[PDB]
């Protein structure tokens, strides 16, 4: 029995040994120059060969071989477009990718393999894709569900997928009528991803969509604390905690592994205040399919 849209999903139609080869249509840098690090939105053609659903991921096998002459390991990217896609025809797939650049022990600059390959793609270049992968981040079946979404950085990707479906499309069997609430935590204003799209959805369904941004390096709460995502949530603590108590509420979290801890800290306190052990409560939520997490 699922509370999620699991029926008839496709998983691993394409595999590492037999990937689907698509072509890049567009590749755009979507963060401003200020932004610490670039993030690119890219669209690939798949001609309807990859029957994905909102919340799933695709694997990307970057070109080249590892130090042993073997093909690079695949990396997973949450799909950032809804099932019909950015063009409404179910033939393209979009990804949201941050370019990874760090320094090794010797002070030498290392670029992540897959992220730099993807961000460097030019229209017309081919790309090896696997999947779809995943069941954890699918949408609830309930069209009247209260859906709370908390992403950091690229974790915004599956929520864009959800929201395009909910608010930018007409479906014969699905009309969203609940409350969708998005919190997005980034470091700078030049790093707010898809703000413009979310701003248009808000105007469209003002009673069905709430939006909150947390720009850490540019916002502080009263104590003077940095505006991290949990720092922004705490401000709605009483409201969110009350929302968590209802059977039709669904929590999804996606982004950097770090975020998990700072929300747990906020939650352990709200629950204890009511005589509840957060660890056991979160466990029950996870089992009821209401606390969904994908951090990396």
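Numbering follows the first chain given and starts at 1.
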On average, are the C-alpha B-factors higher in 79 to 87 or in 132 to 140? 132 to 140
Can you tell me whether 252 to 260 has a higher mean C-alpha B factor than 228 to 236 in this record, or the other way round? 228 to 236
Based on the PDB record, which member of 55, 62, 32, 51 exhibits the highest Cα temperature factor? 32
Checking the entry, which one of 92, 154, 104, 116 has the top C-alpha B factor? 104
Among modelled residues of the same chain, the CA temperature factor third for residue 25: middle
Third of the chain, ranked by Cα B-factor, where residue 173 sits: highest
Entry-reported Cα temperature factor of residue 112, expressed as the chain third it lands in: middle
Could you tell me which third, lowest, middle or highest, the C-alpha B-factor of residue 13 occupies within its chain? middle
Residue 242: CA temperature factor from the record, placed by chain third, in the middle
